[PDB]
């Protein structure tokens, strides 16, 4: 359709307004004194939140261009959430700060490209400086978990031990307990999410759950639909849920499965094979050995139509997040899986490239799941405990993949980079833009407290090291001694993502959108 | 869709107007001199009420933001109604008073967080002070019941004895009498309501009633629909009504059942299993023993499809309120149920944690229903008597879960807390905001009488103890001697819920809603 | 949807306008000199009436609030019509008068509650005073009947004898004659109307007529539809009409029957069982004995599906009014019915409570119908005679359940209550409001004549006793000697209903309605 095009400054103003609308709505929920935000529910009473992520999801503007700006900075929160699993609001306040001052410098005549270069330089030097000041050990892992579950020491300990058993990389799932106590057991996960939403049968978690499903392993991309019908019929009996782990399921057959899940029971859930090219099919073999199935390869491609339930692997349970699929308890234990492990473990011995050995080591490391059965007290208490552990786990994993909290770490880092220079004046301005934005988080936390940000900032900048401002007690002191910590992971992730999106927007010279007319 | 966002004061004004529209409409019906409110019926003559709850349900505003405020304070009434079962209008007048003065203090510059803290402190000290001045014994239980049934001593006595027989926790139901007199008999209830409305075949009571229904007990969450079809067909003969007490019925299979109840007879009604985790399935076993059925567990999950009518328990009648399900007269009396009781009663002896014993004690306490057959006079008189006992019972249960009425209790409590202070000025203001709101109920009762609230309030505050103002006779005197009492339960519940919702609104800094454009 | 709320005066004005629009339109048809009102027919020539009830039914206003007021006062006419069966226009003029002056006093500052109390006091003292001045005997019954049939002495006599044969409580029906003369015969009725309209196959009478229908007697509430299908099929042959006298037919199965009556022949008509609780089912047994059927009780509930035509009672004819169902000529005469009478007649001997004996006496009194075959002259004359007797009967029954007419009775009553006082000034004002309204009827009758109401009123108030104004001859004199009488029943009913609705409106402080926007 007819488009609307805006260049330079005209496009810059529309972007700035859009980011301000989103950022302002989000930033009010920062810190222990974060204010509430009312999100109008389609039906019933409105939602009350202090959670930034929840607020951002609702932000969409009428002005096509402003909305573009809001959707661009919304990428900061989502990316930081996907990486660190926390600190999205901090990322949003940092992004806005860099964009605000960045665009103002552009309007002043500064070179967009130079500005970006200066900002990027400040961020690289900042992250390394952040490392110097610095969630690896179980002490920290247990400390983060408890914090994520309202100081519940029980939950933090369960997570720490869970990660200590299967490694801070292994698959971990939370299940219901069987009469009090807290159980932990490894009962025999790849980076692939559902090819399309809607498969999400549990909207609250944004994940797909399948109980005792069959797993169709294919080495080709499904698009034909029709030749899949005979396999679907076979799965329609007993094991209702079906998990398709093919090379890829094209929009053709994929759209058919999506339309079939609606109304027609649980049906099927589709994801793509882990890895690519050569290692893709060898990786599929590992899944086949776990689940006890047969991979329908190129030559067996004709067989895709006459694939019996014997060729379909099976598992006790499977959970598919946005970008992670975990197969819990596969059917083909010991003998099969262990023999597979013996082969690959012998592959590393066949010394070739150091690369191969690393990749093969990842495979043997993958071939079980560690289930955490929660404290089964009464009935409702067990449901809450599971809700606590579930959220606390998710937050700890992101925290794993500490520095003084309250935004003092970034301020302390900015003080060190005061002499940082670039190749020119514009690059120097960009550097200072980044350093001024590193004060934004603390200033916003203080602003929400009802105190003057300029004063508190000045005082903390006057202090040294872990000297910061406790927004909870309205008192200054040693942040770490007061227990106000931030994983170095969430802090650097928030800064890096804020700077990348901000860098893109500052480098933008033209915007195109469908005309309202 | 595109949203509309408002911050601070802009959002505060919209909220205040919304709460004022709801509160003002509701508060006119407070006390013995409560005014009428006309609710326009879609068809026929408009509804005339002095019942606050009925009025609030109709309140919905055009301005998206104002409506948000109205729906927020509407939560006070609903929560207080769910807890105390009375005093919703009092709760609404208290909420408005706290919100009005709270937001005004915010606009004046006060710190929202500090204000909330002061209010909360005043409420905690107030409730304990309220306890000092203080529906446990049967005297009070019988006194409340009569009051709920227009001074009908007959009804109050039936309820008092009913609660004395199965305990003020046990299940009680009202049925039709068999030729005059008033019968009471325990004929062999968990906190779970219908997973979705529409199942409510009796709109007047807001509950679901099933006569001689089959009870499908499952230990897994239903979502497949299809595998439920064979069981539904079996129930389609003889025992038309079906009650599904599964771990949970997901929106998939749930939505199918909801669409099937419409037009297709009574069909099925769904609720979730009592408790959670470990005790959930042990609790299901107790229901299975009562109804004489078999619980379809994890392993028996495949059997869910081939579950015969022999596995389905059965009862004489079942009533499902918003948050309570009561199974009246199960089929499997004596032997089965009594043996089950013997096991659990022997579990408490096996001393482990004091916790377990408490939970196990709750189970043995649960394993009958006490039916109240009303005074069967003529025909229509019996219908009214049942209507009286039914409402009087509901109000008494909430009253169970006394202080001077006429809003004098809260005023007397506020006088004691005159020296209450906080950590700062803002916290002191919040405290006073709460104390000024404690006069609202009496002032509103007097306002409806046509008398000057400031004068009557001043006079009662000048008195001592139970000295209050009788709004019915327009005379001052000892409230308790005049028979104007209020259950301490309804009073503290009204104050606590008013303060919580008010605390949230005062802490709100941003509102988001779908744009009208 | 979004609502519109109005308080106090704002709501009072909207109500007053609405009542004025309805009352003014209605009151022009009062008395012998009543003016005509044109009611626009959807198709064809407009309706011309001097009948107030017909006019009121058409009144509906655009302004949501004003319409609420009109629909509220419309309740006066309908209630008085249901009780006295006449005097609706008088009731409407009384209501308007009380509401007009009542609301004006409220706006003046008077206390709404006090006002209501004064009005109520004036009405109670007025009705007893009305009794002192006072359709029991057959003389009056015959006098009212003739008056209702245009002075046709024939009709008045038939009704008087009909009521003398089965009592002024017994069931009476009008049928076509068989060759001149006027027959009267008792050929072997409960307070229950059709559960839903639409069943009304005769719109002109607002009643349902069934010829030789089967009667399904059930002791449970039907809602299942499906289990009723087999019984409906059995009735689909021969005896097309079906009458369901169950405990109650819930909206589920009820809505299905309503949709089936449309297009699908006469089908079924549903009503609920007479009485409630214990006496409900004993009362059903009495109907079963009359019609010669079997009552499907609780235990026989399963049999509801396999209920043969043998279990269905049968009658010659059945008529279901708004609130009355009459079974004409049941099949099971003498032996069956007489034996049933012997049991209950022996129940009264078993002296227990005086209450039981009264209720049992009502049952034996109920166990026939008195048919009135009209003067069969030519063909068309017989149709008119039946139309006369039918209307004259209906009016006489209401008249049974005399004082000077022309509104002089109420004026004479108001003169006596001139010294009536209350507990305060506001209560005294309310009293006077009621006394001034008692002149409204006469003033309106005179106003329609074209004469000055203030003058005629003054003159009648100057007279004594039955001294009144004959609006027909435009002459003063003794009302009773002139034959202008009013049943004390219609007069007190008109006043009481006018005062009750007026009391509610004056006590109204808030109105809520769906927003036009």
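Can you show me the helix-derived [θ] at 222 nm for the protein assembly as shown, built from DSSP H runs with n ≥ 4 at -39,500 (n - 2.57) apiece and divided by the number of residues, rounded to the nearest 500.
Value at 222 nm, helices only: -16000 deg cm²/dmol.
Is the C-alpha gyration tensor of region C:187-261 telling us rounded, prolate or oblate? Criteria: a/c under 1.5 is rounded; beyond that, a/b larger than b/c is prolate, otherwise oblate.
The shape class here is rounded.
Using the Kirkwood radius over C-alpha pairs as Rh, can you work out the diffusion coefficient of region A:440-517 via Stokes-Einstein at 25 °C, viscosity 0.890 mPa s, in µm² per second?
In µm²/s, the coefficient rounds to 160.
What distance in nm lies between label points placed 7 Å from Cα along the C-beta direction at residue C:316 and residue A:187?
For residue C:316 paired with residue A:187, the spin-label model returns 7.8 nm.
Simple spin-label model, 7 Å along Cα-to-Cβ: residue B:480 to residue C:42 in nm?
For residue B:480 paired with residue C:42, the spin-label model returns 6.6 nm.
In vacuum, with every alpha carbon of the protein assembly as shown counted as one equal point scatterer, what does the Debye formula give for log10 I(q)/I(0) at q = 0.06, 0.08 Å⁻¹? Two decimals, please.
-0.80, -1.27
Hey, what's the Kirkwood Rh for region A:333-395 if you take every pair of different alpha carbons, in angstrom?
Across region A:333-395, the inverse of the average 1/r is 14.9 Å.
Given the Cα atoms of chain C, and with Rh set as the inverse mean 1/r over their pairs in the Kirkwood sense, what is Rg to Rh to two decimals?
Looking at chain C, the ratio lands at 1.00.
Name the shape class, rounded, prolate or oblate, that the alpha-carbon gyration tensor gives for region A:1-152, where a ≥ b ≥ c are the square roots of its eigenvalues, rounded holds for a/c under 1.5, and otherwise prolate holds if a/b is larger than b/c and oblate otherwise.
It is oblate, given that a/c is not under 1.5 and a/b is not larger than b/c.
What residue of chain B has the nearest C-beta to the axis that moves B onto A, and what is that distance in Å, given as a whole number?
Closest to the axis: B:517, 18.
Put a label point 7 Å from Cα along the Cβ direction on residue B:465, then list its distances to the equivalent points in the other copies in nm, shortest first.
Those separations, rounded to one decimal, come out as 6.4, 6.4 nm.
Remind me, what semi-axes does region A:1-70 give for its equivalent ellipsoid, largest first in whole Å, using sqrt of 5 times each Cα gyration tensor eigenvalue?
So the three semi-axes of region A:1-70 are 28, 16, 6 Å.
Provide a whole-number value for the mean count of partner chain Cβ atoms within 10 Å of the Cβ atoms in peptide C:110-119.
2
Between residue A:259 and residue C:352, what FRET efficiency comes out of the Förster formula 1/(1 + (r/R0)^6) with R0 = 41 Å and r the beta carbon distance, rounded to 0.05?
Computed FRET efficiency for residue C:352 and residue A:259: 0.05.
Specify the inter-centroid distance of region B:270-305 and region A:407-455, based on alpha-carbon positions, in whole Å.
Distance between centres, Cα-based: 59 Å.
Students often check this: by mean Cβ neighbours within 10 Å, which of B:294-306, C:459-471 ranks highest, and how do the rest follow?
For the peptides B:294-306, C:459-471, the packing ranking is C:459-471, B:294-306.
Using a 7 Å offset from Cα along the direction of the beta-carbon, what are the separations from residue B:232 to the same position in each other copy, nm, ascending?
Ordered by distance, the counterparts are at 2.1, 2.1 nm.
By counting other Cβ atoms within 10 Å of each Cβ, how are B:397, B:279, A:436 ranked from fewest to most?
Ranked by crowding around the Cβ, least crowded first: A:436, B:397, B:279.
Can you give the Rg and Dmax of region B:88-166 based on its C-alpha atoms, in angstrom?
For region B:88-166, the Cα radius of gyration and maximum Cα-Cα distance read 19.7, 57 Å.
Could you calculate, for region A:394-508, the ratio of the Cα radius of gyration to the Kirkwood radius, expressed as Rg to Rh?
0.99
If each Cα of region B:464-508 is one equal point scatterer, what is log10 of I(q)/I(0) from the Debye formula at q = 0.15, 0.18, 0.28, 0.30 Å⁻¹?
So the normalised log intensities are -0.56, -0.67, -0.93, -0.98.
Could you give the distance between the Cα centres of region A:490-517 and region A:110-132, to the whole Å?
For region A:490-517 versus region A:110-132, the Cα centre distance is 16 Å.
For region A:284-430, treating each Cα as an identical point scatterer without solvent, what Debye log10 I(q)/I(0) comes out at q = 0.08, 0.19 1/Å?
Ignoring solvent entirely, the Cα scatterers give -0.50, -1.24.
Count, for each residue of C:73-81, the Cβ atoms from other chains sitting within 10 Å of its Cβ, then give me the mean as a whole number.
Counting other chains' Cβ atoms within 10 Å and averaging over C:73-81 gives 1.
Just subtract the alpha-carbon distance of residue C:266 and residue C:233 from 0.36 nm times their residue separation and send over the number in nm, one decimal.
Full extension of this stretch gives 10.5 nm more.
For peptide B:443-455, compute the average count of partner chain beta-carbon atoms within 10 Å of each residue's beta-carbon.
That works out to 1 on average.
In which sequence would C:42, C:78 go, from the one with the fewest C-beta neighbours within 10 Å to the one with the most?
C:42, C:78
Rounded, prolate or oblate for region B:188-338? Axes are the square roots of the Cα gyration tensor eigenvalues, ordered a ≥ b ≥ c, and the cut-off for rounded is a/c under 1.5.
In terms of gyration-tensor shape, rounded.
How long are the semi-axes of the equivalent ellipsoid of region C:381-429, taking √(5λ) for every eigenvalue λ of the Cα gyration tensor, in whole Å from largest down?
42, 12, 8
If each label sits 7 angstrom from Cα along the C-beta direction, how far apart, in nm, is residue B:324 from its counterparts in the other copies?
Inter-copy label distances (nm, one decimal, shortest first): 4.3, 4.3.
Sort out for me the Cα centre separation of region A:157-191 from region C:61-97, rounded to whole Å.
Comparing the Cα centres of region A:157-191 and region C:61-97, I get a distance of 73 Å.
Here, each number is a calculation from the coordinates, and none is a lab measurement. Neighbour counts are summed over all protein chains in view; Cβ atoms, including those assigned to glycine, are modelled from backbone coordinates with ideal geometry.
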